[PDB]
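Next up: a single chain in structure tokens, the form deposited in one PDB entry.
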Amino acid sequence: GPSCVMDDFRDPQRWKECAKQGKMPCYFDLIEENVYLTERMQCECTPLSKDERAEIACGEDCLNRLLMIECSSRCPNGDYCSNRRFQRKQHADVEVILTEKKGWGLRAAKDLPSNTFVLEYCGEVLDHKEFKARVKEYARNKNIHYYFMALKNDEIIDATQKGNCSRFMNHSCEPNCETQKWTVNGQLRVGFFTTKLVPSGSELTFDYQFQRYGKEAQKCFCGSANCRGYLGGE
């Protein structure tokens, strides 16, 4: 299948013409951060010494990391903090590919260890009313793909028009990634993390959970032994 790299999405001109030759996915508005449609301290880690750096600054036992909170610039490890990954776009090396049946997908360019941050899932943040409106909007238009992720009560990310390359991650009944919900400046975000070692060339997948709506659920083509046959939480 045609591949491309995250850098390819930076040139919209080169992208729009790549898309017409189907060597790239359909155009969408690229964003490095979530957009609210309707508008809405620190850890006690011990500052590591610099030859200790040759131990993890803000590791397993960090008060913020334990609450899935990122540190700010005011972290007692300042620059050396390993818990600012979302903020520093410390994304994994991932390519975008055409799958047999699922549309476009993500694959690992290098071997990703377990428990590795992949990408933030970015989009427009909708309330429940905005969501329900859009689902019928999209259904009405006979859209083939759906890009919704539950963030919390009355907050659902919609990657349909605006997002980044996280929106290409396909669902699998038997996945190699999970979502983790992380707090950054008192604002909740969501990102993909490997749950095991993902060999280079491998498609990244996660187990999409989401309350079902309507009658015709999308069929799963994951090919897993334990395939539930349908996408959604049901």
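Rigid core: the largest C-alpha set superposing within 1.5 Å between the two forms. For every residue, the number given is its place in the sequence shown, counted from 1.
Per the record, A54 and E55 are separated by a gap of 1 to 3 residues from the deposited sequence that were not modelled. The gap between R40 and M41 holds 10 or more unmodelled residues of the deposited sequence. The deposited model assigns a higher average Cα B-factor to 107-115 than to the other stretch when 160-168 and 107-115 are compared. Between 187-195 and 42-50, the higher mean Cα B-factor belongs to 42-50.
In this PDB entry, the Cα temperature factor of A225 sits in the top third of its chain's modelled residues, the highest group. When all modelled residues of the chain are sorted by CA temperature factor, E120 is found within the lowest third. In the PDB entry, a CA B factor belonging to the lowest third of its chain's modelled residues is recorded for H145. The deposited CA B-factor of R84 belongs to the lowest third of values across its chain. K136 sits in the middle third of its chain by CA B factor, as recorded in the PDB entry.
Below, we refer to the form deposited in another entry, which is not included among the displayed structures.
Just one of the listed positions, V96, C75, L151, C122, moves its Cα by at least 2 Å between this form and the one not shown when the rigid core is held fixed, and it is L151. Core-superposed comparison between this form and the one not shown: the Cα of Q211 travels 2 Å or more. In comparison with the shown form, the Cα-Cα distance of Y138 and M24 increases by at least 3 angstroms in the other entry. The gap between the Cα atoms of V96 and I144 is larger in the other entry, by no less than 3 Å, than in this form.
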